[PDB]
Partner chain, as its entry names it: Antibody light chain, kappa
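Shown next as structure tokens: one chain only, the form deposited without its partner chain.
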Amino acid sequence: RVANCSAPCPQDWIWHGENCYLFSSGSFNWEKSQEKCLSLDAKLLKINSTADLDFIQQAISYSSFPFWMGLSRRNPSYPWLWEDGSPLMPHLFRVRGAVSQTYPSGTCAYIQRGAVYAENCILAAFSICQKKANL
């Protein structure tokens, strides 16, 4: 039961800093991508520092695909919030794009080619999960 050595991260994940990262298998709407990470006892990507940003941009340099992050905005009236209920801080980046009240279930942000964008949560895209590294 108590770990013989215990790896920082599970197999197929990527270890960097105090975190483990897992790249989605395919395209799913935001709500589902969220369910996928929660089921693994993790969460959607939350960039909380420059090092995280550097790592992700590099780990996603090989792709042109959109990767959902755990950031959403119910509608224009509301603010951009991460999954843990905390606000979006300025310094890191800006989410360009539309926040439409016609969108069925709010607006969600994704990362693609280094820049962050806004989109109808209902659409499908790849995602990135994250958990603290086992140390």
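Residues that one form lacks are left out of the comparison. So that the term is clear: the rigid core is the largest set of C-alpha atoms that superpose within 1.5 Å between two forms. Residue numbers count along the first chain shown, from 1.
Below, we refer to the form deposited with its partner chain bound, which is not included among the displayed structures.
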Can you work out which of 49, 39, 86, 64 has a heavy atom no more than 4.5 Å from its partner chain in the deposited bound form? 64
Does any part of residue 91 reach within 4.5 Å of its partner chain in the deposited bound form? Heavy atoms only, please. no
Contact between residue 98 and its partner chain in the deposited bound form at 4.5 Å, heavy atoms? yes
Taking its partner chain as it sits in the deposited bound form, which residues of 110-125 have a non-hydrogen atom within 4.5 Å of it? Please list them. 112, 113, 117, 124
Superposing on the core, which single option in 42, 71, 99, 47 has a CA shift of 2 Å or more between the shown form and the other one? 99
In the deposited bound form, whether the C-alpha atoms of residue 101 and residue 116 sit closer or farther than here (change of 3 Å or more): closer
Residue 93 and residue 101, C-alpha gap in the deposited bound form relative to this structure (3 Å or more): closer
After the core superposition, state the residue ranges of at least 3 consecutive residues in which each CA shifts by 2 Å or more between the shown form and the other one. 99-102
